[PDB]
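This document opens with one chain alone, in structure tokens, the form deposited without its partner chain.
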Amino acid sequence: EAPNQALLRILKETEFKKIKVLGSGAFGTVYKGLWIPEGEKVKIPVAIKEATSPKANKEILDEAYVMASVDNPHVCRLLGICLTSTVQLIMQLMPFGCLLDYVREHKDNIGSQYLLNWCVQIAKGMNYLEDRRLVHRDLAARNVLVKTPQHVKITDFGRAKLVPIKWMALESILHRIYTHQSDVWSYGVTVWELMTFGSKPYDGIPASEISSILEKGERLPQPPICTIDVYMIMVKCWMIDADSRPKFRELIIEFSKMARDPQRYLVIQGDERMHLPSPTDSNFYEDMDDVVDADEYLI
């Protein structure tokens, strides 16, 4: 098939500054930082993902490969890699963190317009991955990052090709089959995570029971804010027949029609009177002088 002519940018350690730590786990640690290229007079807000074991490097270099091979407004691109002893991925700073925590922390100000717009954006990013013949294998609200409350992007290409049980299609749990239609099942679950304001799917149920639960005909419940219109979409993503499930191009269309009249499809008390931070807010955005967002920094 088509040659992957993507450019892998190697960045010097001296070209960027680590400001603070954002979060640490088993993988390593993600830092908040600034990238100041050559003599460009720009400061790009960045996220730097950083023991050295040859196996862990192959995994991070596999994620770098996939992340450098994407370009879409609703997908996180790799800005570059820094080849130190540790080896670190330089990514775009998504100031508002993951969507999962965002919905939990801001339920009182999240309205129908935002929720439906987020669904359209995830469908667009996912449909792009399908175009690039990329199967995510780990879509969830934790892997959708917030640039601004009005702009979200899909991330975490650590599992992407060409285990998270409660987000998986039945063919995936039973046979390890992953298609773009299995990403649709995970898309259904992600929507459920948003519509419930960050609830844990199948809370209290052990992952081993999930396979048998789905086989019986049981699915995630109808969230209180969901009309039968929105829930019907969730249910269709959870059909046994993968070809029966909607295609992402149909999900973009479905959620877009709904996003034109949000109150008809989602019932939230206090809707329209709610508000989230916007680039039209007082002090929404050290030396703020020459900072440009990665999306406007092109070479």
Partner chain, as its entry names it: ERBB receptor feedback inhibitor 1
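Positions refer to the first chain, counted from 1.
Just so it is clear, the following notes concern the form solved in complex with its partner chain, a form of the same protein that is not shown.
Though the partner is left out of this view, residue 219 does reach within 4.5 Å of its partner chain in the entry with it bound, counting heavy atoms only. Within this chain, residue 226 lines the site of its partner chain in the entry with it bound, having a heavy atom no more than 4.5 Å away. Though the partner is left out of this view, residue 192 does reach within 4.5 Å of its partner chain in the entry with it bound, counting heavy atoms only. Residue contact check for residue 214: one or more of its heavy atoms lie within 4.5 Å of its partner chain in the entry with it bound.
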